[PDB]
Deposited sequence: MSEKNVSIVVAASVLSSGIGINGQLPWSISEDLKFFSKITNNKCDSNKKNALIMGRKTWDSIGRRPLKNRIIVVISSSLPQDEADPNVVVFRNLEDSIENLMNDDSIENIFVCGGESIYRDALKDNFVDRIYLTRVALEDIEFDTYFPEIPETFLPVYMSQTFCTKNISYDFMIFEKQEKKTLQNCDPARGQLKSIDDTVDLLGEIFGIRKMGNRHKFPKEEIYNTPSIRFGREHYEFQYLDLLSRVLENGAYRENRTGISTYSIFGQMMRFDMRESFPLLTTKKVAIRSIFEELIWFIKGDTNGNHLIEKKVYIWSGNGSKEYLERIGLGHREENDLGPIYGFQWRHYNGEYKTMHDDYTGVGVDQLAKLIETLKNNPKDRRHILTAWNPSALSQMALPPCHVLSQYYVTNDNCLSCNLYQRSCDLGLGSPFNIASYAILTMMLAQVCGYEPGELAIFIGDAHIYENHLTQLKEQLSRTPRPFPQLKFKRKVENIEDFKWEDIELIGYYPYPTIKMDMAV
């Protein structure tokens, strides 16, 4: 009685694994994973057995794999005894004689085809599943991986990797069937109520924890957002704010995101990527005219730029969509005397974005690559004070550009998915203009909250197991950061769950 594991690489949605007798992709790192996961043994005097169908045996050229014994399932192949590294059995059941005897076999792996996968789960022989989800779907398949039965639960999900612009994950599904420290902490939690800081930061309950079975393997960095969503539902204090819609708020959180091998665009909800870019390039160009976004069918700044909202906050004399000095006016013309959105401010103010780019490539190891937007002198003229307040940038020793963002207030339903993608794109743009590669993205949050009208929606989003991040590449290299266009951005491998509607609190 030893371990039997399935190793497979299937597509993310349709679970396709083959086409015309070969794989529908060429991922080098995946083959290395298969080689290391099937050679992983504890006894040096034992070998691992790899069960596979005949057509798969034809796919690998009918040649043995080093340090392993290939078990071919076929009714026609002659049970040859010449090659000691290849053995043939007539049916799958007989091949599981590796259990009963043959103590020289330590582990068993089932890396066959649809025919072998299907009647290996149906016959209930599989203990573990090593799944390699690949983000390719608009191609043709003819051989699929069967649906994972409900007896299996995911226990690990790696970060999203990239090979030839193809995103892929690594998951582990397992078949389901000290206390002295935990008890002492519980007893101290009963004595001190909210005096013990642990009780102010309780672990989320299972009913609000996305994919609860993955306990120790929450490596995928979308969990940095889905678990922040859970921490708010658990510890969020019911509070009122400037709007009529109350929130559940906690203070002091952070999220990390990789940008080297993936793009932190959430997959549990279809995020409008075009509107994010059109807002970011709107900041970079220095524009404050709210109509230029409406002319491009971007209505995210319409609520805070209406005639009734401006008169309500004391800016009735201001024009319709004149948001005033905001993001992109403190970036390009800091401390500049703002008049209207039609005047020409070329030359006035401190150009932080220009000095940022000039410093990033003339002094990379400088510790002052900071782009701020909090101007106390201009706060009263703003239609809305800056939420993503201050950002710092960092050049690593391997010529990568990381980014840290502090956010005073975070709408986890609407603003947060945008802010993650927006500052990811901005870091990539700065990397190309300065000649670096994208690094990491860390977002530090002050007032992390959830609007009470988003409770039914965000609980729906938490019920969706995350999919691998897509890839974002630029089609051309620009000479100045202002020259970026929407046609220059190519989003590769984005297969999200259906979009979720959530109303903005004005």
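If you line the structure up with the deposited chain, the stretches without a C-alpha atom are 1 to 2, 180 to 192.
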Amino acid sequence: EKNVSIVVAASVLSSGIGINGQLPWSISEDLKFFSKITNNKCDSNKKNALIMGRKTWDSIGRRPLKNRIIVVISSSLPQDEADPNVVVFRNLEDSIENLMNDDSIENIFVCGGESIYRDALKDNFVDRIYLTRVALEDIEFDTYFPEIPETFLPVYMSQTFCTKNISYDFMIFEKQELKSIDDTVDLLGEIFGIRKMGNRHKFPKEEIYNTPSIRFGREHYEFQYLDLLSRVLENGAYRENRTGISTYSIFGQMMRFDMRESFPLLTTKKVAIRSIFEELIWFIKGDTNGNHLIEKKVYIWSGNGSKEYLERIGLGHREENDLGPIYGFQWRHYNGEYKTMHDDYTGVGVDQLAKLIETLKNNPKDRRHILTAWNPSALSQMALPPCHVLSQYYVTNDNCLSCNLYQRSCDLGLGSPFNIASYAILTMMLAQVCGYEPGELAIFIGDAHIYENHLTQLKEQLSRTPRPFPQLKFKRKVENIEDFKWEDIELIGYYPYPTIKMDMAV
From here on, numbers count along this sequence of modelled residues.
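Whichever C-alpha set is largest while still superposing within 1.5 Å between the two forms counts as the rigid core.
Displacement analysis by core superposition in 8 other deposited structures of this protein ranks 94 to 102 above the other of 69 to 77 and 94 to 102 in root-mean-square C-alpha distance from the shown form. Comparing 178 to 186 with 158 to 166 by root mean square Cα distance to the shown form in 8 other deposited structures of this protein, with the rigid core used for the fit, gives 178 to 186 as the more displaced stretch. Judged by mean Cα B factor in the deposited record, 312 to 320 ranks above the other of 312 to 320 and 119 to 127. For the pair 78 to 86 and 106 to 114, the record assigns the higher mean C-alpha temperature factor to 78 to 86. Between the residues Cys434, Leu178, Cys410, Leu228, the entry's highest C-alpha temperature factor is the one at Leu178. Annotation for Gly236, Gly189, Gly290, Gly252: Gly290 ranks highest, by Cα B-factor. In the deposited entry, the Cα temperature factor of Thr247 places it in the middle third of its chain's modelled residues. Among the modelled residues of the chain, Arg68 sits in the lowest third by CA temperature factor in this PDB entry. Among the modelled residues of its chain, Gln392 has a C-alpha B-factor that falls in the middle third, as given in the PDB entry. Ranked within its chain, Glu222 lands in the lowest third, by CA B factor from the PDB record. In this PDB entry, the Cα temperature factor of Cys42 sits in the top third of its chain's modelled residues, the highest group.
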